[PDB]
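Here's a structure for you.
Chain naming follows the written order as A, B, C, D and E, and within any one chain the residues start at number 1.
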């Protein structure tokens, strides 16, 4: 199947980003950095001081500064080398620890490629030059199952299903943080710094718990898509196995197949669940308390803080009445006797039923209907053409055929015959005119003028007809 | 797959936004890309008919 | 139709100097009598109609036209052919109602 | 492999990706572009042509050997449960083949 | 199938009944007829 290609080309186009080594081999400065890293790591597996590598790479860079390729600048070798090695480090080509870089698998394969580049290409065609070169080579070195399937698949479903709860749990944390932040804002004691710093503390707070670690781990796995084709693809493979049908009910199987979509769309909830707090702080930077507004807001905050002490649960405790002033009093509803009236009607009657079985009267409409009902058929005439021409067994012209089967509804018959002539290959010619007569429903006689032709049963019965 | 101007522009802008991730800096270029990209999203909501 | 008729009358011309009019698809939307009304109006303004129909409305074309041009396609080619009629006015039914 | 067959395959692949702006493919002439692209590589002794057929060589062999070893597991998951779930899906998948 | 008057011939080829809907002033009535009944009533109209 060619489908594998449409996945293969995608794999390759992906790998030509994200994966460093293929990015490393592709950027001009690759030779230099490869040489430097190899020569450094060649003599130490347990780390190398960062500054030492910086110095080595800077020394190498300056020597080649004359080239226009590499865009090295004499003015600041140290910064350039440091920045280059730092950029490479940040792509997970090599992690840094204890002030020392360390080699990884990506660099390992990137090296494994280069050393195998046998420059013997562009074959010398066994020309004597090659023999001399190879003999010099030689001399030089001379001096030196079903029952398990349901349970396994159900376990996988249980695992995947579980994810869709941890995102809700993360939402819980962000909602709780928003609640606490608003609670503290109602407190009068915080600086601007307190508010704007507690949010960052929260952001770092939820990189600790297993749920938060799961989430932040996932988020990066959209940028470097890598796996998020693998998961869906392999799941498609598993669900392709027949026995899976027994393991899972149909709705499950549908849901699992689109796992990635539902996770992506579920994550939307959490981002908003964090948003609120991301918007609260801006609520405090702008409206710095001032003027009469400062002091009214201060009183409001005091009242709100004091209100917290109370037990707010009881409705009757709630129904306690406040000393607030009666302003905007509504005065209305005078209980005057004139306001009273009685129902002022006594009539009654049915919406008289009439279920008389009506029906249309077929005699009442005119010939615009009935003439249409008498539409001229162009099916029977087709049969009669063959019927007559088989008997005649010769080319017969339009005039003769019409005169033998004079039709009341006329023009369509001539049109049908002419078209059949084209379809069957019997040529018809405009030039040679010929004439015939017919009469209509009111006796009026029409003199048609037609093209010359003769129709043969052979071609017509040979050709097919829809 | 459709071919149109603005979608191609978004392709280029997203490629840039990947680029600014790794360049070592206190954060400016990442911000530059993540600003220019939203510039189009807000604009496309103003003339949602074209 | 009236506006088109007026537009084709040169300066102070009591008639339009150009008389061809094209109505593709004949009367696809309309019913029977509407086409008759339209054709009567067209006659009043003195135009030269050329209708196109995909073989529909035969019963009606028969009474407001004097000729035809049949067509048909086979494989990758087409062709055309004329046809014409007239009235032998000598009688509708001699010694009968007319 | 017949030259023209490879030309057609490569041209078919090219057009599918023409929407991308990276590759400078043009809709107006896939055949000419694919033909020139394969010809240029052929000239660099990546692959020799004989009997109207291209043929593979060592350079292409190593170039391929590199790519297939690109384990995309980089940017480690840091042992977050996501990786464990992914790896269990791995193991179960191959268990049914 | 709804359709105006035209080309009832086509519908006679692919149906077993038809519903006529009459208009008269501001009362409109309908009747469900098989094609055979319609043909016979047309024949009577030809006799009408």
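As a working rule, a contact is a pair of C-beta atoms (placed from the backbone, for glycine too) under 8 Å apart; a residue touches a chain by one contact, two chains touch by 3 or more.
Chains that count as touching both chain D and chain E, per the definition above, are A.
In this view the innermost chain, defined by its CA centroid being closest to the centroid of all protein CA atoms, is A.
Inter-chain spacing, taken between the CA centroids of chain A and chain D, is 24 Å. If you average the CA atoms of chain A and of chain C, the two centres end up 55 Å from each other. Distance between chain A and chain B, defined via averaged C-alpha coordinates, is recorded as 18 Å. The distance from the centre of chain C to the centre of chain D, with each centre set as the mean of the Cα atoms, comes to 66 Å.
Residues of chain A found to touch two or more other chains are 368, 372, 375-376. Residues of chain B in contact with two or more other chains: none. Here the touching chains pair up as A-B, A-C, A-D, A-E, B-D, C-E. By the touch criterion given at the top, residues 5, 9, 12, 14-15, 18-22, 92, 105-106, 109, 112-113, 116-118, 121-123, 149, 152-153, 156, 159-160, 163, 210, 213-214, 217-218, 220-221, 224, 226-227, 230-231, 234-235, 237-238, 241 of chain A touch chain D in their complex.
Taken together, the chain D residues at the contact with chain A in this complex read 13, 17, 45, 58-59, 62, 65-67, 69-78, 80-83, 85-86, 88-90, 92-93, 95-97.
By the touch criterion stated above, chain D contacts chain B in their complex at residues 18-21. Chain contact summary for the complex, chain E toward chain C: residues 4-7. Interface of chain C with chain E (complex): residues 31-32, 56-57.
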